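**Student:** One structure, pasted below without further comment.
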Amino acid sequence: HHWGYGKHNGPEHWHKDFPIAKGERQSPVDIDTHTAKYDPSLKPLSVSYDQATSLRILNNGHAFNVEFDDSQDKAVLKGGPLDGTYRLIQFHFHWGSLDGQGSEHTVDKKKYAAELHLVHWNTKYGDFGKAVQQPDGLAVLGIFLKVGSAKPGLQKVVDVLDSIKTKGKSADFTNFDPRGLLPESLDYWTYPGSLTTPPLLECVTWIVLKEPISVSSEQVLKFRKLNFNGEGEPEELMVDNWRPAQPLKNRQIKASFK
Ligand SMILES: [Zn+2]
């Protein structure tokens with residue numbers, strides 16, 4: 001059948017239907033902090049989310065997405081490694097069944113409990129679908145989650161998860177401010193990579209923040225109560241929806257800080 005995260009349809013099988021799974025710039029990767037290099041040429045990173053307009057939250061059977069209105073430059077990412085303007089279209093998470101796993105990227109082989117992906121597309125290509133046919137189509141801002149104190153800006157997302165328990169469910173989710181999900185520091189690593197799920201397209205400039213956010217044990221537990229299945233099908237808890245680290249191959253990770 002179709003792809004997911006189980007023994008019979010998980011990451012080790014994806015290459016049969018998406019041969020680019022074995023390509024030259026796949027994601028995620030392990031970030032070896034001693035081999036990353038500070039790059040003084042990177043420009044200041046600009047996360048400009050004051051006019052972000054959230055619309056809806058959806059369980060898609062792989063994770064849940066909070067979607068935004070991207071018909072104008074209301075929430076954009078620029079600077080850093082980026083040329084041009086990238087519009088926020090959605091964010092989602094990947095997380096584990098246990099606190100010691102769940103992130104896609106790792107840092108010196110350390111796994112975090114979860115990872116937040118804020119997905120943006122390069123406005124020069126007109127729409128998201130054209131962007132994913134380009135090698136500089138997308139920029140994804142990745143943020144690690146560790147378990148500790150609650151993240152107040154996450155709580156509204158946690159509060160609505162009961163209404164999207166199963167695949168295909170959605171709920172109105174307006175007036176959500178994604179600035180509440182950021183850590184204090186915007187220091188980051190960056191490298192060229194891919195989508196971390198099928199179709200695994202190699203279109204992404206990854207920007208991974210050094211500083212994790214903390215979320216509470218009750219907040220991560222609520223992610224783990226979601227279902228991969230649809231309503232009325234047998235229950236399969238949505239956990240461990242992460243792809244493991246892939247070969248770096250011919251890429252150097254750059255750092256915005258020393
Ligand atoms: Zn993701």
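In the structure tokens, chains take the letters A, B, ... in the order shown, each chain's residues start at 1, and ligands count up from 1 in the order shown.
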Range 207-219 of chain A: which residues within 7 Å, counting only C-alpha atoms, same-chain residues fewer than 4 positions away excluded, as a ChimeraX atom specification?
**Tutor:** /A:140-151,158,183,185-190,223
**Student:** I need the strand (DSSP E or B) residues of range 78-132 of chain A per DSSP on the backbone, written as a ChimeraX atom specification.
**Tutor:** /A:78-80,86-95,106-107,110,114-122
**Student:** Could the residues in this selection be written to a file with C-alpha atoms, as a PDB file, in the first residue's frame?
**Tutor:**
```pdb
ATOM      1  CA  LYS A  78      14.106  36.389   4.336  1.00  0.00           C
ATOM      2  CA  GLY A  79      17.793  36.968   4.772  1.00  0.00           C
ATOM      3  CA  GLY A  80      20.159  34.355   6.105  1.00  0.00           C
ATOM      4  CA  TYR A  86       9.649  33.104   1.125  1.00  0.00           C
ATOM      5  CA  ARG A  87       5.972  33.027   2.294  1.00  0.00           C
ATOM      6  CA  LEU A  88       4.790  30.928   5.220  1.00  0.00           C
ATOM      7  CA  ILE A  89       2.252  28.380   4.022  1.00  0.00           C
ATOM      8  CA  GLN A  90       2.033  25.922   6.952  1.00  0.00           C
ATOM      9  CA  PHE A  91       3.667  24.504  10.000  1.00  0.00           C
ATOM     10  CA  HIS A  92       3.612  20.984  11.373  1.00  0.00           C
ATOM     11  CA  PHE A  93       5.589  18.809  13.811  1.00  0.00           C
ATOM     12  CA  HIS A  94       7.264  15.442  13.941  1.00  0.00           C
ATOM     13  CA  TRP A  95       7.444  13.677  17.313  1.00  0.00           C
ATOM     14  CA  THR A 106      19.868  15.485  15.113  1.00  0.00           C
ATOM     15  CA  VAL A 107      22.750  17.468  16.650  1.00  0.00           C
ATOM     16  CA  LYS A 110      21.329  13.789  19.803  1.00  0.00           C
ATOM     17  CA  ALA A 114       9.993  16.660  18.532  1.00  0.00           C
ATOM     18  CA  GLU A 115      10.716  19.065  15.724  1.00  0.00           C
ATOM     19  CA  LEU A 116       8.648  21.961  14.397  1.00  0.00           C
ATOM     20  CA  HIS A 117       8.764  22.766  10.635  1.00  0.00           C
ATOM     21  CA  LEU A 118       7.621  26.178   9.381  1.00  0.00           C
ATOM     22  CA  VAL A 119       7.297  25.727   5.642  1.00  0.00           C
ATOM     23  CA  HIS A 120       7.820  28.635   3.236  1.00  0.00           C
ATOM     24  CA  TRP A 121       7.860  28.973  -0.591  1.00  0.00           C
ATOM     25  CA  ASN A 122       9.813  31.315  -2.817  1.00  0.00           C
TER      26      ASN A 122
END
```
**Student:** For residue 22 in chain A, which residue among A:180, A:61, A:232, A:198 is the nearest when counting only C-alpha atoms?
**Tutor:**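 Looking only at the distances to residue 22 in chain A, the closest residue turns out to be A:198.
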**Student:** Neighbours of residue 253 in chain A within 12 Å (only C-alpha atoms; same-chain residues fewer than 2 positions away dropped), as an MDAnalysis selection string?
**Tutor:** chainID A and resid 25 29:39 81 107 188:193 205:208 248:251 255:256
**Student:** Using only C-alpha atoms and all ligand atoms, find the one residue out of A:68, A:128, A:242, A:49 that sits nearest to ligand 1.
**Tutor:**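 Among A:68, A:128, A:242, A:49, it is A:242 that comes nearest to ligand 1.
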**Student:** Here is a test: counting only C-alpha atoms, which residue of A:77, A:203, A:66, A:157 is nearest to residue 130 in chain A?
**Tutor:** A:203
**Student:** Can you tell me which residues surround residue 56 in chain A at a distance of at most 7 Å, considering only C-alpha atoms, apart from same-chain residues fewer than 5 positions away, and format the answer as a PyMOL selection string?
**Tutor:** chain A and resi 66-67+170-174
**Student:** Using only C-alpha atoms and all ligand atoms, can you tell me which of A:179, A:156, A:167, A:243 comes closest to ligand 1?
**Tutor:**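 Smallest distance to ligand 1 is found for A:243.
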**Student:** Taking the chain letters and numbering used in this document, name the residues of range 128-257 of chain A that DSSP puts in helix (DSSP H, G or I), as a tab-separated table (two decimals) with N, CA, C and O atoms, in the first residue's frame.
**Tutor:**
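File result_9.tsv, as written:
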```tsv
chain	number	residue	atom	x	y	z
A	128	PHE	N	3.01	27.41	-4.50
A	128	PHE	CA	3.74	26.33	-3.88
A	128	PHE	C	4.03	25.19	-4.85
A	128	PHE	O	5.12	24.63	-4.83
A	129	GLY	N	3.05	24.80	-5.67
A	129	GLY	CA	3.27	23.70	-6.59
A	129	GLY	C	4.37	23.98	-7.61
A	129	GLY	O	5.06	23.04	-8.01
A	130	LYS	N	4.54	25.23	-8.09
A	130	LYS	CA	5.67	25.57	-8.97
A	130	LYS	C	6.97	25.61	-8.19
A	130	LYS	O	8.04	25.24	-8.72
A	131	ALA	N	6.90	26.07	-6.94
A	131	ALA	CA	8.10	26.12	-6.10
A	131	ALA	C	8.79	24.78	-5.91
A	131	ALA	O	10.03	24.68	-5.93
A	152	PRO	N	3.88	28.47	26.28
A	152	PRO	CA	2.54	29.04	26.28
A	152	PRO	C	1.98	29.22	24.88
A	152	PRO	O	0.81	28.96	24.65
A	153	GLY	N	2.82	29.60	23.95
A	153	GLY	CA	2.37	29.83	22.58
A	153	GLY	C	1.98	28.58	21.81
A	153	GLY	O	1.46	28.67	20.71
A	154	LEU	N	2.24	27.41	22.38
A	154	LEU	CA	1.85	26.14	21.80
A	154	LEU	C	0.49	25.71	22.30
A	154	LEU	O	-0.18	24.86	21.73
A	155	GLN	N	0.07	26.23	23.45
A	155	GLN	CA	-1.09	25.69	24.13
A	155	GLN	C	-2.38	25.75	23.28
A	155	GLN	O	-3.21	24.86	23.33
A	156	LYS	N	-2.56	26.80	22.49
A	156	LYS	CA	-3.76	26.85	21.67
A	156	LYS	C	-3.81	25.74	20.62
A	156	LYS	O	-4.90	25.25	20.28
A	157	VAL	N	-2.64	25.33	20.14
A	157	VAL	CA	-2.60	24.20	19.22
A	157	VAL	C	-2.99	22.92	19.96
A	157	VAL	O	-3.85	22.18	19.52
A	158	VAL	N	-2.33	22.65	21.09
A	158	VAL	CA	-2.69	21.50	21.93
A	158	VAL	C	-4.20	21.43	22.27
A	158	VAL	O	-4.83	20.35	22.27
A	159	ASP	N	-4.80	22.59	22.56
A	159	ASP	CA	-6.20	22.68	22.96
A	159	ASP	C	-7.17	22.22	21.84
A	159	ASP	O	-8.30	21.84	22.13
A	160	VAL	N	-6.78	22.34	20.57
A	160	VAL	CA	-7.73	22.06	19.49
A	160	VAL	C	-7.51	20.61	18.95
A	160	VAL	O	-8.28	20.13	18.11
A	161	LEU	N	-6.44	19.93	19.39
A	161	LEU	CA	-6.17	18.57	18.89
A	161	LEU	C	-7.29	17.54	19.09
A	161	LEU	O	-7.43	16.64	18.25
A	162	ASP	N	-8.09	17.68	20.15
A	162	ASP	CA	-9.25	16.81	20.31
A	162	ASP	C	-10.20	16.86	19.12
A	162	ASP	O	-10.88	15.88	18.83
A	163	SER	N	-10.23	17.98	18.39
A	163	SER	CA	-11.19	18.12	17.31
A	163	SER	C	-10.63	17.58	15.97
A	163	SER	O	-11.38	17.50	14.99
A	164	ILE	N	-9.34	17.20	15.94
A	164	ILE	CA	-8.78	16.61	14.72
A	164	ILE	C	-8.08	15.28	14.98
A	164	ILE	O	-6.98	15.01	14.49
A	178	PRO	N	2.16	32.56	15.07
A	178	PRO	CA	3.30	31.61	15.11
A	178	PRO	C	4.57	32.17	15.78
A	178	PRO	O	5.44	31.39	16.16
A	179	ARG	N	4.63	33.46	16.05
A	179	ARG	CA	5.77	34.00	16.80
A	179	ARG	C	5.90	33.38	18.19
A	179	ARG	O	7.02	33.38	18.74
A	180	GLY	N	4.78	32.89	18.74
A	180	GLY	CA	4.80	32.28	20.06
A	180	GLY	C	5.49	30.93	20.09
A	180	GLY	O	5.63	30.37	21.19
A	181	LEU	N	5.93	30.42	18.94
A	181	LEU	CA	6.59	29.12	18.89
A	181	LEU	C	8.10	29.25	18.77
A	181	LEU	O	8.79	28.22	18.74
A	217	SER	N	5.46	18.03	29.47
A	217	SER	CA	5.19	16.65	29.22
A	217	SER	C	3.70	16.48	28.84
A	217	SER	O	3.35	15.68	27.96
A	218	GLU	N	2.81	17.30	29.41
A	218	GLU	CA	1.39	17.20	29.07
A	218	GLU	C	1.16	17.65	27.60
A	218	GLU	O	0.25	17.15	26.92
A	219	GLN	N	1.94	18.62	27.11
A	219	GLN	CA	1.75	19.11	25.75
A	219	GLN	C	2.18	18.02	24.74
A	219	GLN	O	1.44	17.72	23.80
A	220	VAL	N	3.32	17.37	24.96
A	220	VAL	CA	3.76	16.31	24.02
A	220	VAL	C	2.84	15.08	24.10
A	220	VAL	O	2.54	14.45	23.08
A	221	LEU	N	2.36	14.78	25.30
A	221	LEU	CA	1.41	13.67	25.45
A	221	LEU	C	0.14	13.86	24.60
A	221	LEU	O	-0.42	12.91	24.03
A	222	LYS	N	-0.31	15.10	24.47
A	222	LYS	CA	-1.45	15.38	23.63
A	222	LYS	C	-1.18	15.15	22.14
A	222	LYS	O	-2.06	14.69	21.46
A	223	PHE	N	0.03	15.39	21.65
A	223	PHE	CA	0.38	15.03	20.27
A	223	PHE	C	0.22	13.53	20.09
A	223	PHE	O	-0.22	13.05	19.04
```
**Student:** With only C-alpha atoms and all ligand atoms as the atoms that count, which of A:2, A:105, A:7, A:15 lies nearest to ligand 1?
**Tutor:**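 Using only C-alpha atoms and all ligand atoms, ligand 1 sits closest to A:105.
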**Student:** Out of A:109, A:8, A:124, A:165, which residue has the shortest atom-to-atom distance to residue 85 in chain A when counting only C-alpha atoms?
**Tutor:**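 Ranked by minimum distance to residue 85 in chain A, first place goes to A:124.
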**Student:** Between CA of residue 18 in chain A and CA of residue 57 in chain A, what is the distance, to one decimal in Å?
**Tutor:**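 Here the two named atoms are 27.2 Å from each other.
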**Student:** To one decimal place in Å, what is the distance between CA of residue 200 in chain A and CA of residue 62 in chain A?
**Tutor:**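 Those two atoms sit 14.0 Å apart.
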